[PDB]
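**Student:** Compact mmCIF, C-alpha atoms and all ligand atoms, file data07.txt:
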# COMPACT_ATOMS: atom_id res chain seq x y z
CA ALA F 613 34.18 -34.18 39.57
CA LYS F 614 37.13 -36.34 38.44
CA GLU F 615 38.13 -35.60 34.83
CA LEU F 616 38.19 -39.00 33.13
CA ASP F 617 40.45 -40.20 30.32
CA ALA F 618 38.18 -41.35 27.46
CA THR F 619 40.53 -44.29 26.76
CA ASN F 620 39.13 -45.79 29.99
CA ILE F 621 35.49 -45.49 28.82
CA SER F 622 33.87 -48.07 26.52
CA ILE F 623 30.30 -47.54 25.29
CA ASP F 624 28.05 -50.54 24.74
CA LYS F 625 24.43 -49.64 23.90
CA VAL F 626 21.90 -46.82 24.16
CA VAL F 627 19.57 -47.64 27.07
CA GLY F 628 17.56 -44.40 27.21
CA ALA F 629 17.35 -40.69 26.42
CA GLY F 630 17.20 -37.46 28.43
CA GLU F 631 16.84 -33.70 27.96
CA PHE F 632 20.50 -33.17 27.07
CA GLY F 633 21.11 -36.28 24.92
CA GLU F 634 21.44 -40.07 25.10
CA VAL F 635 22.08 -42.49 28.00
CA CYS F 636 24.24 -45.57 27.37
CA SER F 637 25.51 -48.51 29.31
CA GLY F 638 29.22 -49.19 29.20
CA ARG F 639 32.39 -49.92 31.18
CA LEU F 640 34.89 -47.72 33.01
CA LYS F 641 38.44 -48.84 33.68
CA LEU F 642 39.50 -47.38 37.03
CA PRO F 643 43.07 -46.29 37.83
CA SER F 644 43.54 -49.60 39.70
CA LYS F 645 42.64 -51.36 36.37
CA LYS F 646 39.35 -52.67 37.84
CA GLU F 647 36.52 -52.44 35.31
CA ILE F 648 33.01 -51.45 36.39
CA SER F 649 29.65 -51.09 34.70
CA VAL F 650 28.58 -47.49 34.22
CA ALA F 651 25.92 -45.31 32.71
CA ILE F 652 27.26 -42.70 30.29
CA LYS F 653 25.28 -39.55 29.51
CA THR F 654 26.48 -37.42 26.60
CA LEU F 655 25.66 -33.80 25.87
CA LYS F 656 24.12 -33.37 22.41
CA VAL F 657 26.25 -31.97 19.60
CA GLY F 658 25.63 -28.25 18.97
CA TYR F 659 24.64 -27.67 22.60
CA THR F 660 24.03 -24.16 23.96
CA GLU F 661 26.08 -22.67 26.81
CA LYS F 662 22.95 -22.96 29.01
CA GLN F 663 22.61 -26.66 28.15
CA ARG F 664 26.28 -27.29 29.03
CA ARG F 665 25.97 -25.37 32.32
CA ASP F 666 22.78 -27.21 33.36
CA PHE F 667 24.16 -30.62 32.32
CA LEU F 668 27.46 -30.24 34.20
CA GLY F 669 25.80 -28.31 37.05
CA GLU F 670 23.68 -31.35 37.87
CA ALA F 671 26.87 -33.45 37.94
CA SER F 672 28.58 -30.90 40.23
CA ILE F 673 25.75 -31.28 42.77
CA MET F 674 25.74 -35.09 42.46
CA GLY F 675 29.51 -35.09 43.04
CA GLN F 676 29.18 -33.41 46.46
CA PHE F 677 27.57 -36.63 47.76
CA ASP F 678 29.21 -39.94 48.55
CA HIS F 679 26.54 -42.23 49.96
CA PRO F 680 25.24 -45.75 49.21
CA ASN F 681 21.73 -44.44 48.42
CA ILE F 682 22.71 -41.47 46.25
CA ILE F 683 23.78 -42.14 42.65
CA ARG F 684 27.56 -42.18 42.45
CA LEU F 685 29.39 -39.88 40.05
CA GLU F 686 32.41 -41.72 38.62
CA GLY F 687 33.55 -38.61 36.73
CA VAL F 688 33.16 -36.39 33.69
CA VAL F 689 34.74 -35.78 30.30
CA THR F 690 34.92 -32.04 29.58
CA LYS F 691 38.30 -31.64 27.82
CA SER F 692 36.96 -33.30 24.68
CA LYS F 693 33.57 -33.49 23.02
CA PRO F 694 30.93 -34.72 23.29
CA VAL F 695 30.92 -33.84 26.98
CA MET F 696 30.07 -36.85 29.18
CA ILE F 697 28.86 -37.66 32.69
CA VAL F 698 29.68 -41.16 33.98
CA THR F 699 27.67 -42.67 36.87
CA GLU F 700 27.29 -46.09 38.49
CA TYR F 701 25.14 -48.43 36.40
CA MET F 702 21.63 -49.20 37.76
CA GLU F 703 20.50 -52.39 36.03
CA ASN F 704 16.75 -52.07 36.73
CA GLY F 705 16.37 -48.44 35.65
CA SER F 706 13.89 -45.98 37.09
CA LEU F 707 11.88 -47.22 40.07
CA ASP F 708 8.40 -46.27 38.86
CA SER F 709 8.79 -48.04 35.49
CA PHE F 710 10.41 -51.04 37.20
CA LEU F 711 7.53 -51.47 39.66
CA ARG F 712 4.90 -51.16 36.90
CA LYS F 713 6.41 -54.30 35.30
CA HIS F 714 6.00 -56.25 38.55
CA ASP F 715 2.59 -55.36 39.99
CA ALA F 716 1.99 -57.26 43.24
CA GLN F 717 5.11 -59.41 42.66
CA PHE F 718 7.33 -58.28 45.57
CA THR F 719 7.02 -58.98 49.27
CA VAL F 720 6.17 -56.16 51.67
CA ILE F 721 9.65 -56.51 53.18
CA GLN F 722 11.26 -56.09 49.74
CA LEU F 723 9.26 -52.88 49.19
CA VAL F 724 10.19 -51.62 52.67
CA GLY F 725 13.90 -52.22 51.88
CA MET F 726 13.56 -50.07 48.78
CA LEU F 727 11.85 -47.34 50.82
CA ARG F 728 14.47 -47.47 53.57
CA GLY F 729 17.25 -46.93 51.00
CA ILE F 730 15.49 -43.87 49.57
CA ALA F 731 14.94 -42.43 53.07
CA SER F 732 18.60 -42.99 53.99
CA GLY F 733 19.82 -41.18 50.88
CA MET F 734 17.45 -38.31 51.66
CA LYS F 735 18.65 -38.14 55.27
CA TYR F 736 22.17 -37.53 53.93
CA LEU F 737 21.04 -35.05 51.26
CA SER F 738 19.17 -33.02 53.89
CA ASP F 739 22.12 -33.28 56.34
CA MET F 740 24.19 -31.68 53.55
CA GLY F 741 21.88 -28.66 53.27
CA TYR F 742 20.21 -29.54 49.98
CA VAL F 743 16.55 -29.65 49.14
CA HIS F 744 15.88 -31.94 46.18
CA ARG F 745 12.50 -30.46 45.16
CA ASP F 746 11.71 -33.27 42.69
CA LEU F 747 11.72 -36.38 44.89
CA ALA F 748 9.54 -38.83 42.91
CA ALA F 749 9.79 -42.52 42.02
CA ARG F 750 10.85 -41.58 38.45
CA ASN F 751 13.97 -39.94 39.98
CA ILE F 752 14.98 -43.02 41.94
CA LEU F 753 17.19 -45.58 40.18
CA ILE F 754 17.24 -49.25 41.21
CA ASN F 755 20.11 -51.70 40.67
CA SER F 756 20.30 -55.46 40.05
CA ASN F 757 20.02 -56.12 43.81
CA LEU F 758 17.00 -53.80 44.25
CA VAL F 759 19.04 -51.09 45.99
CA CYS F 760 17.36 -47.72 45.44
CA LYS F 761 19.30 -44.50 45.02
CA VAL F 762 18.33 -40.84 44.76
CA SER F 763 19.16 -39.21 41.45
CA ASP F 764 18.28 -36.27 39.21
CA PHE F 765 19.56 -33.14 40.85
CA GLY F 766 18.25 -30.84 38.10
CA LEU F 767 15.91 -28.93 40.46
CA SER F 768 18.04 -29.32 43.61
CA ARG F 769 19.22 -26.22 45.49
CA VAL F 770 21.31 -25.39 48.54
CA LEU F 771 19.09 -24.06 51.34
CA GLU F 772 19.95 -20.36 51.58
CA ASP F 773 18.72 -16.76 51.94
CA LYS F 785 8.50 -26.72 36.11
CA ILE F 786 8.16 -27.96 39.70
CA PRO F 787 6.19 -31.25 39.90
CA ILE F 788 2.80 -30.40 41.39
CA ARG F 789 1.82 -33.96 42.39
CA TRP F 790 4.98 -34.40 44.49
CA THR F 791 5.14 -30.89 45.98
CA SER F 792 4.08 -29.91 49.51
CA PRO F 793 1.12 -27.52 49.89
CA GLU F 794 3.31 -24.71 51.28
CA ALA F 795 5.83 -25.05 48.42
CA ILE F 796 2.94 -24.87 45.92
CA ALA F 797 1.40 -21.92 47.80
CA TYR F 798 4.45 -19.65 48.16
CA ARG F 799 7.61 -21.55 47.17
CA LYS F 800 8.46 -22.50 50.76
CA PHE F 801 10.92 -25.35 50.08
CA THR F 802 12.58 -26.97 53.10
CA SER F 803 13.70 -30.47 54.01
CA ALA F 804 10.14 -30.89 55.35
CA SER F 805 8.76 -30.31 51.84
CA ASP F 806 11.09 -33.12 50.66
CA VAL F 807 9.50 -35.24 53.46
CA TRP F 808 6.07 -34.52 51.91
CA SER F 809 7.48 -35.71 48.56
CA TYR F 810 8.85 -38.82 50.27
CA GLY F 811 5.32 -39.62 51.41
CA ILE F 812 4.22 -39.47 47.79
CA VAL F 813 7.10 -41.83 46.79
CA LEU F 814 5.98 -44.18 49.58
CA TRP F 815 2.48 -44.25 48.05
CA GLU F 816 4.00 -44.80 44.57
CA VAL F 817 6.03 -47.77 45.76
CA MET F 818 3.17 -49.42 47.65
CA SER F 819 0.97 -48.82 44.56
CA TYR F 820 3.57 -50.37 42.18
CA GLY F 821 4.05 -47.18 40.18
CA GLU F 822 0.47 -45.88 40.03
CA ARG F 823 0.49 -42.15 39.20
CA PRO F 824 -0.11 -39.94 42.27
CA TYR F 825 -3.58 -38.37 41.92
CA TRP F 826 -3.99 -40.24 38.62
CA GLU F 827 -4.91 -37.67 35.91
CA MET F 828 -6.77 -35.17 38.14
CA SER F 829 -6.56 -31.55 36.94
CA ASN F 830 -3.59 -29.83 38.60
CA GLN F 831 -5.95 -27.21 40.05
CA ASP F 832 -7.92 -30.01 41.75
CA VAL F 833 -4.76 -31.70 43.08
CA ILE F 834 -3.84 -28.34 44.64
CA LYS F 835 -7.31 -27.64 46.05
CA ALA F 836 -8.07 -31.14 47.30
CA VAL F 837 -4.77 -31.44 49.18
CA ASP F 838 -5.19 -27.97 50.72
CA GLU F 839 -8.69 -29.04 51.89
CA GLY F 840 -7.15 -32.06 53.71
CA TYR F 841 -7.76 -34.81 51.14
CA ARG F 842 -5.03 -37.44 50.79
CA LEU F 843 -4.21 -40.32 48.49
CA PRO F 844 -6.11 -43.43 49.67
CA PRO F 845 -4.49 -46.55 51.08
CA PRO F 846 -2.96 -48.73 48.37
CA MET F 847 -4.36 -52.26 48.07
CA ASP F 848 -3.37 -54.39 51.09
CA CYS F 849 -1.30 -51.52 52.50
CA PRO F 850 0.14 -52.18 55.95
CA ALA F 851 -1.36 -49.80 58.53
CA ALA F 852 2.13 -48.69 59.63
CA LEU F 853 2.97 -47.58 56.09
CA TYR F 854 -0.29 -45.76 55.42
CA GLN F 855 0.09 -43.99 58.76
CA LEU F 856 3.65 -42.99 57.72
CA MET F 857 2.22 -41.53 54.49
CA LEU F 858 -0.32 -39.52 56.49
CA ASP F 859 2.45 -38.29 58.81
CA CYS F 860 4.61 -37.19 55.86
CA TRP F 861 1.53 -35.36 54.56
CA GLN F 862 0.79 -33.35 57.73
CA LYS F 863 -0.48 -29.89 56.82
CA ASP F 864 1.84 -28.33 59.42
CA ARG F 865 5.35 -29.00 58.10
CA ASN F 866 6.70 -28.85 61.68
CA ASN F 867 4.67 -31.98 62.50
CA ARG F 868 6.15 -34.08 59.68
CA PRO F 869 8.83 -36.60 60.68
CA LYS F 870 12.49 -35.86 59.90
CA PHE F 871 14.28 -38.17 57.49
CA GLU F 872 16.23 -39.71 60.39
CA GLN F 873 12.89 -40.61 62.03
CA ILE F 874 11.57 -42.13 58.78
CA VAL F 875 14.70 -44.31 58.52
CA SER F 876 14.17 -45.44 62.15
CA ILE F 877 10.48 -46.22 61.54
CA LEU F 878 11.33 -48.38 58.52
CA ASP F 879 14.20 -50.10 60.36
CA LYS F 880 11.69 -51.15 63.06
CA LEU F 881 9.38 -52.64 60.42
CA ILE F 882 12.31 -54.57 58.89
CA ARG F 883 13.32 -55.76 62.40
CA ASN F 884 9.76 -56.92 63.18
CA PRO F 885 8.11 -57.92 59.87
CA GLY F 886 5.05 -59.24 61.77
CA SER F 887 4.09 -55.59 62.36
CA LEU F 888 3.29 -55.38 58.62
CA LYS F 889 0.46 -57.93 59.07
CA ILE F 890 -1.90 -55.19 60.33
CA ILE F 891 -3.57 -53.82 57.16
CA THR F 892 -5.70 -50.74 56.34
CA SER F 893 -8.46 -50.04 53.78
CA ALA F 894 -11.30 -47.62 53.06
CA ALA F 895 -13.71 -49.32 50.63
CA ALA F 896 -16.87 -47.50 51.82
CA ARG F 897 -15.38 -43.98 51.61
CA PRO F 898 -17.37 -41.15 49.90
CA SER F 899 -14.63 -40.04 47.46
CA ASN F 900 -11.52 -41.31 45.64
CA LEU F 901 -9.25 -39.19 47.83
CA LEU F 902 -9.67 -39.70 51.57
CA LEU F 903 -10.27 -36.78 53.93
CA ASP F 904 -7.67 -36.89 56.65
CA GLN F 905 -9.18 -35.75 59.90
CA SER F 906 -6.49 -36.42 60.94
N1 LIG D 1001 22.80 -44.85 36.15
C1 LIG D 1001 21.91 -45.42 35.32
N2 LIG D 1001 21.93 -46.74 35.08
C2 LIG D 1001 21.04 -47.33 34.24
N3 LIG D 1001 20.09 -46.67 33.56
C3 LIG D 1001 20.00 -45.34 33.73
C4 LIG D 1001 20.92 -44.63 34.62
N4 LIG D 1001 20.60 -43.32 34.58
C5 LIG D 1001 19.55 -43.21 33.74
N5 LIG D 1001 19.22 -44.41 33.24
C6 LIG D 1001 18.09 -44.68 32.35
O1 LIG D 1001 18.07 -43.80 31.27
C7 LIG D 1001 16.71 -43.53 30.92
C8 LIG D 1001 16.55 -42.04 30.75
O2 LIG D 1001 16.89 -41.37 31.95
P1 LIG D 1001 15.85 -40.33 32.60
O3 LIG D 1001 15.13 -39.60 31.48
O4 LIG D 1001 16.78 -39.62 33.54
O5 LIG D 1001 14.85 -41.35 33.39
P2 LIG D 1001 13.24 -41.19 33.48
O6 LIG D 1001 13.93 -39.95 34.02
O7 LIG D 1001 12.90 -42.58 34.00
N6 LIG D 1001 12.34 -40.27 34.64
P3 LIG D 1001 12.18 -38.56 34.31
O8 LIG D 1001 13.12 -38.17 33.19
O9 LIG D 1001 12.44 -37.82 35.59
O10 LIG D 1001 10.75 -38.50 33.87
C9 LIG D 1001 15.81 -44.11 32.00
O11 LIG D 1001 15.20 -45.32 31.57
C10 LIG D 1001 16.78 -44.38 33.11
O12 LIG D 1001 16.31 -45.41 34.00
MG MG D 1002 15.33 -38.56 36.03
Can I see the file as structure tokens?
Ligand SMILES: Nc1ncnc2c1ncn2[C@@H]1O[C@H](COP(=O)(O)OP(=O)(O)NP(=O)(O)O)[C@@H](O)[C@H]1O
Ligand SMILES: [Mg+2]
**Tutor:**
Amino acid sequence: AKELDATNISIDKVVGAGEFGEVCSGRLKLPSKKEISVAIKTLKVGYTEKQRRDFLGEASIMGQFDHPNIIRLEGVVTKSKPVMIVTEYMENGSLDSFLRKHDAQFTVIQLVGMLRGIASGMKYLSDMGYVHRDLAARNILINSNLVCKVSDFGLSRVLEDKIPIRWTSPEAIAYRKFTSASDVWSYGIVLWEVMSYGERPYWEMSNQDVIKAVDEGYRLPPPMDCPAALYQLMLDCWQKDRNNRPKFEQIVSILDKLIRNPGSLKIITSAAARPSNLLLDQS
């Protein structure tokens, strides 16, 4: 992480709050004198050593990536207090809360563009040997041009040697087997979230029932007017055998084909006469 000079940082307004303190919008003056919009996260006063380590540790992971669909770290302030993390500004906030404001208001192709961005960021993250472990719409940020970027590296780990039940693969729930294929499972959940405009995966089902139902082969049902190609992709991401799930590169390719031939999205799926809220996948 670049150590920033605080004279180049100007804080505007508080836009949200996190575990470690506040999130503000503001401006960063770059060494070239160009000024850019940024988000500024500050570590609360009277922080513990653990809080500082976790706060800056997440920035250290973020900083190892330089990709259009991973949130960009502009730098940190550590040599004065409060400690700060400065990232690119994402005008439309978190993807799940953004989509809930706009139910049924985007085209299928717009939604597919969002999904393609997320998949591309994940392809790079997995190429770099990281497993995110908390890939969920609430951890995707979306900018003024609807570009979606992976964020929140608080649970991320290098592949070597509370976790969000609704987004976690059955094998990771069962015995902590986290791999890039468990992030592909999570991607399938994000795909359902996007096509559902921010509906909660598995609604408010008891966690024990989410675990049992999924292990028994039950899957989230097709969102309203969901293209067949996209529901099939969800089912593929949710294969019981992790070896049968697509790789992120394959997901990017699948979505690129749908963008290239939007007519393919005209084939729709539904399941109105099904016996239960979750759908048993035969496959
Ligand atoms: N780079 C950014 N640009 C604009 N807003 C941001 C940025 N980073 C965080 N925020 C906003 O700050 C608020 C608090 O951040 P955060 O608590 O990280 O998001 P919430 O996470 O949506 N999802 P989660 O905390 O995982 O349940 C949210 O409304 C974010 O969308
Ligand atoms: Mg977050």
**Student:** Could you name the residues that touch residue 702 of chain F at 9 Å or less, counting all atoms listed in the file, but leaving out those on the same chain fewer than 4 positions away, as a PyMOL selection string?
**Tutor:** chain F and resi 649-651+683+706+753-756+759-761
**Student:** Just checking: using all atoms listed in the file, which residue out of F:804, F:629, F:771, F:697 ends up closest to ligand MG 1002 (chain D)?
**Tutor:**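 Among the listed residues, the smallest separation from ligand MG 1002 (chain D) belongs to F:629.
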**Student:** Can I get the residues close to ligand MG 1002 (chain D) as a PyMOL selection string, where close means within 6 Å and we count only C-alpha atoms and all ligand atoms?
**Tutor:** chain F and resi 750-751+764
**Student:** From the list F:639, F:800, F:897, F:769, which residue is nearest ligand LIG 1001 (chain D) when using all atoms listed in the file?
**Tutor:** F:639
**Student:** Which residue is closest to residue 677 of chain F? Choose from F:735, F:823, F:656, F:691 and count only C-alpha atoms.
**Tutor:**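 Closest to residue 677 of chain F, using only C-alpha atoms: F:735.
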**Student:** Show which residues sit within 8 Å of segment 827-835 of chain F, as a PyMOL selection string. Count all atoms listed in the file, and ignore same-chain residues fewer than 3 positions away.
**Tutor:** chain F and resi 788-789+793+796+823+838-839
**Student:** Excluding residue 845 of chain F and residues on its chain fewer than 3 positions from it, collect all residues at most 10 Å away from it, counting all atoms listed in the file, and give them as number ranges by chain.
**Tutor:** F: 815, 818-819, 842, 848-851, 853-855, 857-858, 891-895, 901-902
**Student:** Identify which of the residues F:813, F:613, F:749, F:888 lies closest to ligand LIG 1001 (chain D), counting all atoms listed in the file when measuring atom-to-atom distances.
**Tutor:**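 Closest to ligand LIG 1001 (chain D) of all the choices is F:749.
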**Student:** Looking at all atoms listed in the file, which of F:701, F:742, F:841, F:826 is the one that sits closest to ligand LIG 1001 (chain D)?
**Tutor:**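 Result for the nearest residue to ligand LIG 1001 (chain D): F:701.
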**Student:** Quick one: of F:688, F:747, F:795, F:731, who's nearest to ligand LIG 1001 (chain D), counting all atoms listed in the file?
**Tutor:**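 Looking only at the distances to ligand LIG 1001 (chain D), the closest residue turns out to be F:747.
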**Student:** To one decimal in Å, tell me the separation between atom CA of residue 711 of chain F and atom CA of residue 863 of chain F.
**Tutor:** 28.7 Å
**Student:** Could you work out how far atom CA of residue 619 of chain F lies from atom CA of residue 659 of chain F, giving the answer in Å with one decimal?
**Tutor:** 23.4 Å
**Student:** Within 10 Å of (24.8, -47.1, 25.6), in the coordinates the file gives, what residues turn up when you count all atoms listed in the file, written out as a ChimeraX atom specification?
**Tutor:** /F:622-629,634-639,650-654
**Student:** Would you work out the distance separating atom CA of residue 791 of chain F from atom CA of residue 809 of chain F, expressed in Å to one decimal?
**Tutor:** 5.9 Å
**Student:** At a cut-off of 7 Å, using all atoms listed in the file, what residues contact residue 875 of chain F? Leave out same-chain residues fewer than 3 positions from it and give the result as a count of residues only.
**Tutor:** 7
